[PDB]
Amino acid sequence: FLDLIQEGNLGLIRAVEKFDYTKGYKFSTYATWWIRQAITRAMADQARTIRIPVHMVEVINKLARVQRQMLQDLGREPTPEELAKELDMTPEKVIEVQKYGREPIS
DNA sequence: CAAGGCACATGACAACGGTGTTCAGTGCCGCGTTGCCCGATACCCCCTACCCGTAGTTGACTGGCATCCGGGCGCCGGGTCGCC
């Protein structure tokens with residue numbers, strides 16, 4: 001949590017370096033975008049021991065959330081081809097990404 | 001009866017007979033050391049579907065997350081507070 005706070009501070013100094021009053025709004029609408037950017041980058045870059053690249057990271061999170069949506073809607077484990085279709089990828093890429101998203105066990 | 005004269009054979013005389021030798025040359029016909037001619041395989045070339053790093057996303061959206069117990073003992077040791 002506290003490292004996330006520091007990374008948000010980093011995004012804040014970045015955003016205020018790139019803010020001007022020309023925008024006809026408050027700070028809270030401009031800075032928050034860059035804070036979100038910095039936190040997302042940190043969570044994608046230094047979260048996993050076996051580091052994944054950013055593109056694969058968003059692949060993992062998209063797969064996880066859409067799979068959770070499938071479970072919520074259908075209430076059953078969807079067929080691999082079904083998940084492949086909602087993702088539009090192939091089943092081979094599906095098993096690949098599923099294996100790439102594990103965590104080390106101590 | 002003795003001396004001098006002619007036959008046949010005889011001491012050597014070389015040169016053929018015939019065979020097995022000295023060099024020597026060159027092969028004859030068995031064993032070896034390196035010429036082919038290829039054929040494959042390692043090393044250059046171009047680009048391209050994808051991997052990986054970076055840049056933005058304008059209503060606003062301003063303090064988490066705690067912990068929480070049935071040891072239990074026992075001592076050391078020092079710190080803090082009390083005494084005065």
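Just checking, does the stretch A:92-106 include any residue being over 30 Å from A:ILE5 (Cβ atoms), aliphatic (A, V, I, L, M) and under 19 Å from the mean Cα position of the chain (by Cα)? Within the stretch A:92-106 (the criterion being over 30 Å from A:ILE5 (Cβ atoms), aliphatic (A, V, I, L, M) and under 19 Å from the mean Cα position of the chain (by Cα)), the answer is yes, since at least one residue qualifies. Look at the stretch A:29-57: where a residue is without any contact (Cβ under 8 Å) to a residue 40 or more places away in the chain and a partner is within 6 Å of DNA strand B (Cβ to nearest atom) and of a type outside the set (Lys, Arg), sitting 6+ places away or on another chain with Cβ atoms under 6 Å, you get A:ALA44/A:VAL54. A:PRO80 fulfils the conditions (1) under 19 Å from the mean Cα position of the chain (by Cα); (2) farther than 25 Å from A:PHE1 by Cα except for a single criterion, (1).
Of all residue pairs spaced 6 or more apart or on separate chains, those with beta-carbon atoms under 8 Å, a first member in the stretch A:80-106 that is of a type in the set (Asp, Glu) and a second member that is surrounded by fewer than 12 Cβ atoms within 10 Å (Cβ to Cβ) are A:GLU103/A:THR49.
The single condition among (1) of a type outside the set (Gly, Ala, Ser); (2) closer than 29 Å to A:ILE13 by Cβ; (3) not in a helix (DSSP H, G or I) that A:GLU103 does not satisfy is (2). Checked against the criteria, A:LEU4 does not count as over 16 Å from the mean Cα position of the chain (by Cα) and more than 8 Å from DNA strand B (Cβ to nearest atom). Under the condition of being loosely packed, with under 13 Cβ neighbours inside 10 Å and under 16 Å from A:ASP3 (Cβ atoms), the residues counted in the stretch A:45-62 number 4.
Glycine also receives a Cβ, built like all others from the backbone with ideal geometry; neighbour counts cover every protein chain displayed. Here, each number is a calculation from the coordinates, and none is a lab measurement.
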